[PDB]
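Just one chain follows, in the form deposited in one PDB entry, and it is written as structure tokens.
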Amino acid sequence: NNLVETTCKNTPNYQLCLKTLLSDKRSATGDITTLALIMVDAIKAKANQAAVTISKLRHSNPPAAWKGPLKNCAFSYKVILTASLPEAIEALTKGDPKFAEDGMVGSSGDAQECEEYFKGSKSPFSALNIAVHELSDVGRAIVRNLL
């Protein structure tokens, strides 16, 4: 909480980091690694929401021009959920935190890539992509403490 405030101050979004960490009881007696793991779980929650939203859209007679965007978004979130985040959790838990930094850089970039497919047009789950990107950037910053 002092630790939580100090940690969050050294991220790109203080209040998002605060709200996210304090929502999890593990933060009260956390150390920095615990805080990074809480952050990874927050990213995972949003990424799963994104994946399900993509599936719904793909199965709901979407605009023809969203075919590629949604297919590539589906791939982007599959990378996040099956590779990037599991890698971060394992590395933080029992490995080299550099790989967790890799995973957050990956998720940050993958959410951004997904949003940019809709450039020029309405992005149907913009706020989710933005959340995954922003939370991943907060996670990168938290993990940097461990390097």
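When you see a residue number, it is the position in the sequence shown, counting from 1. Shifts are known only where both forms have a C-alpha. Here, rigid core means the biggest group of C-alpha atoms that superpose within 1.5 Å across both forms.
Not on display, but discussed next: the form deposited with a partner chain bound.
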(request) Name the stretch: of 99-107, 118-126, 55-63, 39-47, exactly one has residues whose heavy atoms fall within 4.5 Å of its partner chain in the bound PDB entry. (result) 99-107
(message) Taking its partner chain as it sits in the bound PDB entry, is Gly95 near enough to touch it, meaning that at least one heavy atom pair lies within 4.5 angstroms?
(response) yes
(message) Given that its partner chain is not shown alongside this chain, does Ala83 nevertheless sit within 4.5 Å of it in the bound PDB entry, heavy atom to heavy atom?
(response) yes
(message) Contact with its partner chain in the bound PDB entry for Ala51, defined as at least one heavy atom pair within 4.5 Å: yes or no?
(response) no
(request) Give a yes or no for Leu146: in the bound PDB entry, does one of its heavy atoms lie within 4.5 Å of a heavy atom belonging to its partner chain? (result) yes
(request) Scan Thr29, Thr93, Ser121, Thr82 for the one whose CA shifts by 2 Å or more between this form and the one not shown after superposing the rigid core, and name it. (result) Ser121
(message) As a test: superpose on the rigid core, then list the runs of at least 3 residues whose Cα atoms all move 2 angstroms or more between this form and the one not shown.
(response) 119-122
